[PDB]
Structures are given as C-alpha cells and as structure tokens.
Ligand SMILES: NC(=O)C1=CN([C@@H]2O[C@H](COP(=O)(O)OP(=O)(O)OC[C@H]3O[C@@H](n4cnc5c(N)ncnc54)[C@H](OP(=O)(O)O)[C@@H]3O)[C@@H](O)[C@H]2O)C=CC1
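There is one chain below, alone, in structure tokens, taken in the form deposited without the named molecule.
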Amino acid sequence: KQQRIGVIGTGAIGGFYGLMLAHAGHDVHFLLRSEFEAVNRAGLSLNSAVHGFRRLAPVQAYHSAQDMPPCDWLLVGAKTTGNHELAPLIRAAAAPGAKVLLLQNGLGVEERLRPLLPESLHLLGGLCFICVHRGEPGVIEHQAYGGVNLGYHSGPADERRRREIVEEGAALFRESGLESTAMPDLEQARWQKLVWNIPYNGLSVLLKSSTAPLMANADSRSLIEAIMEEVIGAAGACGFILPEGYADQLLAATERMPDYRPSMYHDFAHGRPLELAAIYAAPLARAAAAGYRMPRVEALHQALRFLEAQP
C-alpha cells in the first residue's frame, strides 16, 4: 500500500477505477450503496477489451462509511444525483487532508458539494472518457478508453501545491495503466466533456439508440453536431473558448468507438433518475445568465424531462 484509496459509490465508474488502482498495488476500500452483499461474496470482475480480464477477490467492501479506514484519496464514482448525501460519507472515510476526486460528469458539481465538505479536504474533479457499464452483479464491462482528466476545484492548497496534487492524482491513474492528464482549468474541462455528454446521453435516450446507429444516420449526425456547437458556443459565452475543431475530434473518436450505450441510456432502462440537473439544467442556466440561448439543448432537456415523467 502506497496510498489508501476509498471508493464512495461502487458502480461501473467507481468499480473500474478502484479495481485498476487496486491492481496497481494500492489499498482500495469500496463503499457499496446498492451492491454490497452481491459484490462482497462474488467479488469484482472486469471484462475489458483494453486491459483484458481482471479480478479483485476478496473485495474490501463496506456498507457503511464509518466502517471504512481513513483514506488518502476518496474517489466518487456515483451519479451526481446522490451528491447531496455525499458529504457525511466522505467526511467519515477521509484521512486528515484527504483528496476528494469526483469522477462525475456535468457542470458545477464541485461547487455544489463544497459547502458541506470540511475546509481541510481538497476537492478535485475527474472527467472520465470511458465506455463502461454494469453487466452481471459484480461484473464490469469495459469496452474502450478510460482516460481521466483531473482538475483542482478548492481546498487548503496554494497554486504550486494545487498543481502538485492534480499531478499526484494523474500519476495514480497513469501507474495503473490508465491514460490521465492534469488539467489547468477544471471548469473549462467540464465544459469540454459536456460537448460529448449533452448530445450523446440525451439522444441515446430520446432516439432509443446507441452511438453507432446515431453516427451512421446522417440526420442524427447533423443533430449531434448542431448540439455540440450549441455547447461550444455556451462555453464561449461564459468565458471558456474550447479547442478549435473540438466537435470534429469528438465526432471522429465516436465513429471509431464500438457501439456504446451511454450511462444515461442504462439509467432510463433501469428506471434510475437521470443526471439532468448536472448535465442539462446547470449549463442551461449558466448560458441563460450570460444571455446565450441553447435551443436544441433546451428542447432536448424538456423532452428528457417529459420521458422521465411518462409511465
């Protein structure tokens, strides 16, 4: 054990990164909200096209955060919908001055969790470009990618120490065989990830499709691109100019990608609440504050809200 790592919320994201870190020799402890008794006896298994089959058995699984030991890094892989009840779990599992890394999508996530996080804890964001989902209980299906873009949000660190901490988190993933990048601007990096999540998550639910049919059809492809330009323009209006041709890079990488159902697709099929607040409502309100309209995203958001309310 070089670093003790706690995983708050052990879904596909939390289980994957926690297992990859554990396979690198770190002491990883998994907090299970919904899957404890299954995962505890079965273990954690990884079906990965990138890294091959991996397994962690037995798992250091816990059903209550108080049972967990003080960890140096807390990785939150849970959905942003349960972030309001996250603070007592993090505080219960955190070693003094622990680093909290939200492996979560959307916008404004860290800012909404900080009020109830002790000032002595560092708060970081991690934007995961990864194709992963839950198969059988305790089994993790990894189809592609896995890179993590880390950014610092808040905490007791000065500017030099902030860069060192982000670099430290990136080294954890890199030594685990995962690509990872220290980002200089977490909020800019969150806008960059929205360019993929906003069209693909919502259209996969709305059109009940996956990435390959969405990219194959010419009309859905133009719709994705127009939505991407809305997010790019909303980011620009709020002060963040994204890389040139960023939409083309996302479109090109998604074509090469295997057929993938986004996490929101799985959420809707399993009846789980969709991450509309972080992925849609928050960027819509930020753009509205800057006087920038996102008509397709706003309509896509209204449709998803309708679909979630329908029987």
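Throughout, we count residues from 1 along the sequence that is shown.
Omitted from view is the form deposited with the named molecule bound, to which the following refers.
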So, the named molecule superimposed from where it sits in the entry with it bound: by the 2.4 Å backbone or C-beta clash rule, 3 or more atoms, this site is blocked
The one option of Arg91, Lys193, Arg174, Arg114 with any heavy atom within 4.5 Å of the named molecule in the entry with it bound is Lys193
The one option of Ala98, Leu203, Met228, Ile130 with any heavy atom within 4.5 Å of the named molecule in the entry with it bound is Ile130
Exercise for the section: With heavy atoms only and a cut-off of 4.5 Å, decide whether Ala12 touches the named molecule in the entry with it bound. Expected result: yes
Check: Applying a 4.5 Å heavy atom distance criterion, does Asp27 contact the named molecule in the entry with it bound?
Finding: no
Problem set entry | Contact flag, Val166 vs the named molecule in the entry with it bound, heavy atom cut 4.5 Å | no
Worksheet item: At the 4.5 Å heavy atom threshold, is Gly151 in contact with the named molecule in the entry with it bound?
Response: no
Only one of 231-239, 114-122, 71-79, 153-161 has residues with a heavy atom within 4.5 Å of the named molecule in the entry with it bound, and that stretch is 71-79
